[PDB]
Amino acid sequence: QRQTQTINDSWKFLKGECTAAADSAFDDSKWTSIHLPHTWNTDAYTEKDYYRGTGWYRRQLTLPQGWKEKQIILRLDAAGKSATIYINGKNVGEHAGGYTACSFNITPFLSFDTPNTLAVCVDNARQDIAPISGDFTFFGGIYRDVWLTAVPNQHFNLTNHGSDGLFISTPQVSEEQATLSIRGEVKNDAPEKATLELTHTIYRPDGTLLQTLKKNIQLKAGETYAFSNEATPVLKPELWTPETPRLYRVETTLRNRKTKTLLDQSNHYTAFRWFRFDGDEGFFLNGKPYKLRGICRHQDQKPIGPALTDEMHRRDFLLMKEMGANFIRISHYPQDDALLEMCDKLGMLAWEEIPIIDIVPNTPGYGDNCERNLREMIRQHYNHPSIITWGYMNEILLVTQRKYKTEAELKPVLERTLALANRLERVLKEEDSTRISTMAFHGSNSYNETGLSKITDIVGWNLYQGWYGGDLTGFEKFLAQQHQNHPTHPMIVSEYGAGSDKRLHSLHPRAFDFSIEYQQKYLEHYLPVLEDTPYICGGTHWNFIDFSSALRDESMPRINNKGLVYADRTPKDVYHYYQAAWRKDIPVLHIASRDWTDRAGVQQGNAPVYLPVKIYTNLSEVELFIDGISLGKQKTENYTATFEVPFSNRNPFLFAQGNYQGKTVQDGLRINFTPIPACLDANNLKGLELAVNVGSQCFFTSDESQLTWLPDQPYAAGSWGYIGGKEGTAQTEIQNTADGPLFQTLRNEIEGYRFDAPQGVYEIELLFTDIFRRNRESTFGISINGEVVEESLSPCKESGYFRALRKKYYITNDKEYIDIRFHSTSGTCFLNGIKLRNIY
């Protein structure tokens, strides 16, 4: 029979080049011991310049004696970006492509009397393999399962593009009936003739046997026999949807015709459904209107990168499934078998694509390698009924149009780009006639003007109005313009989203403060547009997770923080705005404050400090309590309500209540509240650490110190705050702090900062980062109540640009105010943070 098991254990690993690494007699005792899956690019979660090059893997294979007469097939589900395989020093074969599987019949290279050496040379530097550009990390290593499969000399073909070698499709599907087509190849690796029996057994969703198909086949020595068997038409087929994922098991068995001995067996699911995309009326599933409620999912997890175990892929899926999504855009690369299994079985429509992104280079072999990767993806995943569309390109004009601004520079690149698109479109439709082709665009009409949008069956727009410029309403405007000018191109919003940082909150959220609240304002705008516009087939949110992009700075360097869930897969609050809107079958009532559990605020006297607490829910009406006090009931709109909550106590308990389908629904949590006095005196200074996010309207809570830094405020008589200057903001990474966001904002041209406070000894901490690398170069003095504390401070000369300075001073105040004045010398005065404590 067939024995399939992993060989993920007991590997030795070496980063870099190594002469002789494939020899069986090599001494790899000093190499690193590892267990697949594996990447050598954990460094990308800190370092922007992560290592791209060569890495070697070694494993001993001591084969079972019971396998002496079988064919041994080696399968690498993934190696990024390329792999060359060695058995006992001999080059067995290679593979180009970091997200498709490859497979090899290694039987002629193996020995059953002595042990064998399997060595793999992996490379993530090759410029002739996609992607060569794109907003994610190109991790190197063997980060998916590796298998050995042992079969008898007659077995299904396992070396057709690293696939299962079988291909099952439904040529016709209606409510009344459907046809079923069962195809594949049998391979005869014996030196003589073989007379076999092929059997297809087809089961209903409930497990009962529907039909058995039997053919005799004769194979000459060494022959590959293609079979194509049609089943009896299936009457009143049970139709598949993400809500009702009815599967029909197809068991395909190979038997010795004489002896009836079982040789090989391969199992697959098929399912019966049909779909359609309409430019006016959107998407239809089994003849009914169906809004695609989608998410995109990258495949890494900080800090192990793409080296996920399969229960991790399943965990990601359950989260997406429990949120209400019925559609996943698997991007920008094809992903784990374990993922697609859940899409079929638990129910989720799928788009899947290869990563041809940003720009079509002029690299020999690139086109050819793209073609092979498209075939490998379609053939490896042909049997997943959840998949309805293949794609091969994403924003293929984005870098082209940035780099080249002349007609002469552009013409060749566009020509090369349209030729490869048309090339791949032909390959797609010849690989698979049962599915729709798609392509994803960045937000520009150049895709219509260049002809790129005239190629695939449907089109996707990556739209970010209200995040990367423009206003939120430019999103529906853009879609309306496209539908007017190209009404026959059915439309998916293949990317939309906005960045967010658990550390940052704002009562006045604005784009690129990275506050939790701004991403919610953005998503709260976009989802109803997606739900209620008929010519929008659906959208796929970007992205389900905060994911690795080594090249990103912004509020969380190395991470693209547009997730609905943090990197470690804890959900953000806004996850439950999706759930509330997309799950009708359960009550959803979520106090939107897990993202904001450490609050602080400026208190007048002993009066409460008010701060919004938002709720996400599908209940019509909710009541909010704090420490047992009701704040009233509110009517929900767009799945949300916001209460102005009076905080006083240090550890308040928040509690929410409503009715859903005649039952009581409840939620609650404790958070922390810290009051900071607006007017300082001897009493209220004891224990006070007054910290201010100068130049920002965001509260910043360090996930390292747990200290919250308050939004800046202007100086007022009896209080404290700034004097002069204007807000400034950088996105560049800030050296030498864990609290980047605090230093990315400053008050530029500041004139002073003042606290009215009693007489005593105070510790003053100032925070500096020069964000104007443009610079002349800022240098300035600083005094406090007229006592110079810096004669000529220049952060960029002493430390450089975009680097933290935190300087503490002890000062004796003999006034009733602490007046910090800035005194220009060159460039501008600025201040990114201030923090005050009373010492004596």
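Residue numbers here begin at 1 and follow the sequence given.
The segment from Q60 to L61 is modelled without interruption, since every residue of the deposited sequence in that interval carries coordinates.
In this entry, 671 to 679 has the higher mean Cα B-factor, the comparison being between 537 to 545 and 671 to 679.
The PDB entry records a higher mean C-alpha B factor for 821 to 829 than for its counterpart among 6 to 14 and 821 to 829.
In the deposited coordinates, the residue among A78, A350, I202, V665 with the greatest CA B-factor is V665. The entry assigns its greatest Cα B factor, within the set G460, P364, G294, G499, to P364. In the PDB entry, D739 places in the lowest third of its chain by CA B-factor. In this PDB entry, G800 carries a Cα temperature factor that places it within the middle third of its chain's modelled residues. Sort the chain's modelled residues by C-alpha temperature factor and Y51 lands in the highest third, per the entry.
Annotation for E407: C-alpha temperature factor in the highest third relative to the rest of the modelled chain, per the entry. Sort the modelled residues of the chain by CA B factor and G786 lands in the highest third.
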